[PDB]
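In case you want the letters, here they are:
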Amino acid sequence: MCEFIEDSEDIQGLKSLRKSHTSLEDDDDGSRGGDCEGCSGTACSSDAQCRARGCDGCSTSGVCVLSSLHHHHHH
């Protein structure tokens with residue numbers, strides 16, 4: 001679902017961010033618009049899903065990060 005979350009930019013039309021502000025963790029901003037831009041704790045076998053995460057890539061360690069490929073990736 002995505003009706004009042006990545007849409008947190010337009011508080012003009014969507015003030016449904018009120019209940020998101022309730023947890024007092026909305027102003028962290030991390031989970032507003034780009035909650036997926038710093039995965040790491042997302043284990044990928046394929047980079048295509050880190051690509052889909054908007055993160056960057058699967059690394060040597062099958063994690064979703066800015067993949068720094070040290071001599072290709074056997075994963």
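Residues numbered from 1 in each chain as written, not as in the entry; some residues may be left out. Heavy atoms only, no water.

### Examining the pattern of salt bridges
Oppositely charged side chains can pair when the atoms bearing their charge come close.
So, point 1. Applying the stated criterion across every chain yields a total of 2 salt bridges.
So, point 2. Linking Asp26 and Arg32 is a salt bridge whose minimum nitrogen-to-oxygen distance equals 2.7 Å.
So, point 3. For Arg32, a relative accessible area of 21% translates into the label partly exposed.
So, point 4. Counted as one network, the salt bridges with shared partners bring together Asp26, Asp29 and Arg32. (Salt bridge = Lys/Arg side-chain N within 4 Å of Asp/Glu carboxyl O. Buried < 20%, exposed > 50% of the residue type's maximum accessible area, 1.4 Å probe, protein only.)

### So, the environment of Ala43
So, point 1. In this structure, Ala43 sits in the loop between helix 1 (18-21) and helix 2 (48-52).
So, point 2. Note: C-alpha distance between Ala43 and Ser59 (16 residues apart in sequence) is 9.4 Å.
So, point 3. When sequence neighbours within four positions are dropped, the list of residues in contact with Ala43 reads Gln49, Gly62 and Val63. (Helix = DSSP H or I, 4+ residues; strand = E, 2+ residues; numbered from the N terminus. Contact = heavy atoms within 4.5 Å.)

### Topic: the side chain of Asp26
So, point 1. Turning to its location among the elements, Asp26 is positioned in the loop between helix 1 and helix 2.
So, point 2. In this structure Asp26 comes out as buried when scored by relative accessible area, which is 7%.
So, point 3. Of the polar contacts made by the side chain of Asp26, one reaches the side chain of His21; its length is 3.2 Å. (Polar contact = N/O pair within 3.5 Å; in protein donor to acceptor, adjacent residues only side chain to side chain.)

### Focus: the environment of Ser40
So, point 1. Relative to the assigned elements, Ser40 resides in the loop between helix 1 and helix 2.
So, point 2. With 26 residues separating them in the primary sequence, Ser40 and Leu66 have C-alpha atoms 8.4 Å apart.
So, point 3. Filtering out sequence-adjacent residues up to four positions away, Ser40 remains in contact with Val63, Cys64 and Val65.

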